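A note on names: the letters A, B, ... follow the listed sequences, proteins ahead of strands, and every chain is numbered from 1.
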Amino acid sequence: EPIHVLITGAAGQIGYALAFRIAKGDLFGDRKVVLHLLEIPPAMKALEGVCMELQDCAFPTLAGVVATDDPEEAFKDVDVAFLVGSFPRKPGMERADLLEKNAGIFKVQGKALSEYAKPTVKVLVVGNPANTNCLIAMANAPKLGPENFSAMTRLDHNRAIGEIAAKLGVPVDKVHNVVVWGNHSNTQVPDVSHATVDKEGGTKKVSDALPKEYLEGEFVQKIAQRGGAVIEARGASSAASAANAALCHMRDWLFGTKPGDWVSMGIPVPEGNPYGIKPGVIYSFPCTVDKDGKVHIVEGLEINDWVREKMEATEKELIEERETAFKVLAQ
Amino acid sequence: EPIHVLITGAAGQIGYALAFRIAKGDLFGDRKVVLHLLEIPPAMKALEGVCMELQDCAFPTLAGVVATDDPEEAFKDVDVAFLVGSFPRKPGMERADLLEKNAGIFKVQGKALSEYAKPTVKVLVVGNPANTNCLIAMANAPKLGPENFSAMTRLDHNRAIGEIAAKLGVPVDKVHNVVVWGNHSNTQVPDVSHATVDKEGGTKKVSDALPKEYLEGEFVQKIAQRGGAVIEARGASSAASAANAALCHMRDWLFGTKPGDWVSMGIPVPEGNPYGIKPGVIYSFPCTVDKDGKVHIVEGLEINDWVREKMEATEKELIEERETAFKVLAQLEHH
Ligand SMILES: NC(=O)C1=CN([C@@H]2O[C@H](COP(=O)(O)OP(=O)(O)OC[C@H]3O[C@@H](n4cnc5c(N)ncnc54)[C@H](O)[C@@H]3O)[C@@H](O)[C@H]2O)C=CC1
Ligand SMILES: NC(=O)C1=CN([C@@H]2O[C@H](COP(=O)(O)OP(=O)(O)OC[C@H]3O[C@@H](n4cnc5c(N)ncnc54)[C@H](O)[C@@H]3O)[C@@H](O)[C@H]2O)C=CC1
């Protein structure tokens with residue numbers, strides 16, 4: 001039977017990019033897909049245009065399209081959900097205002113997931129602020145659990161890979177064990193202190209190839225500021241690269257990661273995590289995923305004082321956003 | 001060794017869609033690609049942003065990116081060229097109205113291809129009016145030949161398949177031998193008089209499943225107006241579906257068509273084509289492509305009176321567009 005995949009904000013730049021890749025088989029391969037596309041009413045005219053284009057692609061893997069502005073219809077029997085839709089950042093809008101505006105959206109979508117989606121639904125939150133939006137959706141999804149939710153830091157992760165590969169002058173598939181800790185924000189911790197690069201014989205630690213000043217300074221600022229830089233250049237969002245990251249995240253989450261491969265995923269903090277992060281937020285960790293689709297935090301990593309401090313700062317921000325989010329929802 | 005692929009208008013809607021698909025391996029598979037991306041100076045800021053996004057995808061198949069506003073740099077030693085760069089129509093006009101704004105581009109790019117690209121370069125013209133822009137480019141490429149050039153009707157073709165599949169109520173891969181003849185314009189001839197459809201109980205002719213009046217009326221107008229319909233709905237270009245069609249066209253052109261499949265391609269009209277079209281324009285024909293990448297017009301097709309009249313009408317339009325284009329170029333040349 002076909003798999004039911006939801007994309008919210010489907011008429012937007014990320015939704016658009018994601019829809020055609022999923023429709024043509026990039027996510028589930030040969031398995032047929034029924035795309036659920038959710039928009040708000042003012043975007044429905046454009047969304048029907050997207051549906052026309054999908055038909056005009058003649059992709060055999062696309063078994064059906066459900067375009068709607070009704071959450072009950074959008075979330076019904078969904079197996080996979082990309083929560084991309086969110087209020088647009090107008091000129092001059094601050095992060096704090098965006099948090100408040102989106103809080104209500106993810107409360108509604110959390111409830112809709114709980115009541116309408118399959119109990120096994122895998123929910124990836126892309127819309128910003130991703131970690132906190134994910135927290136809100138999960139908080140309002142009583143029929144679901146922590147295993148159903150994650151927030152996307154995979155674009156931060158892919159950015160780190162691309163940049164370190166270029167710095168080292170190696171192809172991207174020769175870089176391993178990169179990590180982005182914490183929040184999808186400027187307090188994210190791009191951490192290559194565990195990363196390795198393939199040489200002729202075996203591997204080489206990235207920290208042995210490059211100086212500390214770069215790895216903990218310039219590199220960090222480069223990745224943390226990359227989203228703003230793309231926006232500045234294009235005068236638009238990082239659509240294709242974000243859609244790509246979302247697919248990579250979901251693919252690894254659904255089918256598992258290869259041995260040795262780490263992927264950064266914002267996940268509910270378990271009390272047993274070995275890095276001292278307190279439960280109660282969505283926090284990006286280095287993860288593996290087994291063939292059952294179960295996420296496992298990578299253990300046994302030595303955290304230096306610099307990484308430790310950065311990890312603490314981003315946790316503190318995540319806690320702040322939560323409290324800010326809970327207060328606005330309380331009304 | 002990596003293949004060098006040019007996309008012009010790379011910061012724009014179709015160019016952006018096409019770039020990531022090519023970069024990730026959708027066109028050449030596991031073979032490495034170096035992308036050449038050409039824009040005009042005002043769009044270079046955005047193009048560097050696209051280049052950032054490409055790096056941020058971490059695709060192993062992408063061996064390099066050359067982003068520039070210099071045609072000499074952009075066209076240098078290119079193997080494959082998607083000429084997308086061009087003004088789109090908006091919100092609702094004729095593709096021939098773009099002729100004035102776009103004709104000069106293809107004159108320059110034709111010369112650049114001839115002088116800088118590999119003599120074996122495969123050039124797909126997407127920018128509108130596609131058939132006439134392709135003619136202009138070829139006319140200005142003295143080193144190259146008809147084999148180097150085509151114009152995209154593959155989106156018309158894919159629309160026709162999607163729509164007839166939906167109407168027939170079958171999956172899209174169950175429809176075969178669709179044709180779109182002529183100009184990528186309102187006079188295009190979506191022709192399913194040769195098409196077949198596979199069902200549980202066997203293969204049948206589309207003409208036996210649907211009435212002639214639908215096939216020559218409602219269906220035709222739907223496909224002919226589809227480009228404008230999408231533009232009206234989205235308030236933007238048919239970016240992803242056009243990029244998809246461009247990739248389909250180029251893939252089939254480079255690697256050949258699967259046995260039994262026809263694809264519609266705008267190509268230079270050869271002397272002694274089977275269907276009476278006069279040489280001197282770029283005309284969409286039903287084509288197969290062999291493993292050598294050589295295009296062949298499908299022969300022996302029975303052309304009914306309705307299709308014949310439509311084919312003549314679209315040829316007439318292409319000839320008119322050619323003469324308009326040459327007049328426009330002569331005017332521009334002399335201010
Ligand atoms: N986690 C990450 O790495 C990244 C996150 N983003 C975030 O993704 C989000 C979307 O970005 P774009 O696609 O560029 O924005 P966009 O503005 O182009 O599209 C957003 C779409 O969401 C729709 N929408 C608004 N409220 C909705 C609701 N309640 N339900 C369903 N749909 C709704 C809008 O109609 C719009 O079409 C933004 O919040 C952005 O900050 C963007 C890039 C990377
Ligand atoms: N054949 C077909 O089936 C289709 C054709 N089209 C056509 O494709 C063309 C592009 O459409 P969009 O990408 O939506 O337009 P767009 O406006 O989003 O992008 C066009 C890009 O071309 C660039 N450009 C202009 N002159 C140039 C030059 N001399 N060299 C390099 N780049 C140049 C612009 O800077 C711009 O970024 C249009 O002419 C449109 O009509 C669109 C859809 C389907």
*Asks:* Looking only at heavy atoms and a cut-off of under 4.5 Å, which of A:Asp26, A:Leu47, A:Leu62 has the most pairs with chain B?
*Replies:* A:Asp26
*Asks:* For B:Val50, is it the side chain, the backbone, both, or neither that has a heavy atom closer than 4.5 Å to a heavy atom of chain A?
*Replies:*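 Contact with chain A: backbone and side chain both.
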*Asks:* With a 4.5 angstrom heavy-atom cut-off, could you sort out which part of A:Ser237 is near chain B: side chain, backbone, both or neither?
*Replies:*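 For A:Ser237, backbone heavy atoms alone lie under 4.5 Å from chain B.
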*Asks:* With rounding to the nearest 0.5 angstrom, report the OG1 to CG distance, A:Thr61 to B:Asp173.
*Replies:* 9.5 Å
*Asks:* Does NZ or CZ of B:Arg234 fall inside the cone over A:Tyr16's six-membered ring, less than 6.0 Å from its centre and within 45° of the axis?
*Replies:*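 Yes; both conditions hold, so B:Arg234 lies above the ring face of A:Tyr16.
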*Asks:* Report the distance from atom CZ of A:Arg226 to atom CD of B:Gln55, rounding to the nearest 0.5 Å.
*Replies:*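 It is 5.0 Å, given to the nearest 0.5 Å.
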*Asks:* Quick one: of A:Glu163, A:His157, A:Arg159, A:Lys174, who has the most non-hydrogen atom pairs under 4.5 Å with chain B?
*Replies:*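 Top option by heavy-atom pairs under 4.5 Å: A:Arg159.
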*Asks:* Out of A:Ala233, A:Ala236, A:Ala243, return the one with the most heavy atom pairs under 4.5 angstrom to chain B.
*Replies:* A:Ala233
*Asks:* Select, from B:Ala239, B:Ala43, B:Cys51, the one with the greatest count of heavy-atom pairs under 4.5 Å involving chain A.
*Replies:* B:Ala239
*Asks:* Can you tell which part of B:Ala229 gets under 4.5 Å to a heavy atom of chain A, answering side chain, backbone, both or neither?
*Replies:* both
*Asks:* Checking B:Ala245 against chain A: side chain, backbone, both or neither under 4.5 Å from a heavy atom?
*Replies:*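 For B:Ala245, no heavy atom lies under 4.5 Å from chain A.
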*Asks:* State, to 0.1 Å, how close A:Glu53 and B:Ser241 come at their nearest heavy-atom pair, and which atoms those are.
*Replies:*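 Shortest heavy-atom contact: OE1-OG, 2.8 Å.
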*Asks:* Would you mind checking which part of B:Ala166 comes under 4.5 Å of any heavy atom in chain A, side chain (CB onward), backbone (N, CA, C, O), both or neither?
*Replies:* side chain
*Asks:* Given a strict heavy-atom distance threshold of 4.5 Å, which part of A:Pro60 is in contact with chain B: side chain, backbone, both, or neither?
*Replies:* both
*Asks:* Restricting to non-hydrogen atoms, name the atom on B:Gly49 and the atom on A:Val230 that form the minimum distance, rounded to 0.1 Å.
*Replies:*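 Heavy atoms only, the tightest pair is O-CG1, 4.4 Å.
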*Asks:* Considering residues, nucleotides and ligands other than A:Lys32, do more than 12 of their heavy atoms fall under 6.0 Å from its NZ?
*Replies:* no
*Asks:* Out of curiosity, A:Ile231 CD1 to B:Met52 CE, how far, rounded to the nearest 0.5 Å?
*Replies:*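 Separation between the atoms: 10.0 Å.
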*Asks:* Between A:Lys45 and B:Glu232 (salt bridge meaning N to carboxylate O under 4.0 Å), is one present in this structure?
*Replies:* no
*Asks:* Between B:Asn244 and chain A, which part of the residue has a heavy atom less than 4.5 Å away: side chain, backbone, both or neither?
*Replies:* side chain
*Asks:* I'd like to verify something: which residue of A:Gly162, A:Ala58, A:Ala240 has the highest number of heavy-atom pairs under 4.5 Å with chain B?
*Replies:* A:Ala240
*Asks:* Using non-hydrogen atoms and a 4.5 Å limit, figure out which bit of A:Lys24 sits close to chain B: side chain, backbone, both or neither.
*Replies:*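 It is the side chain, since no backbone atom gets that close.
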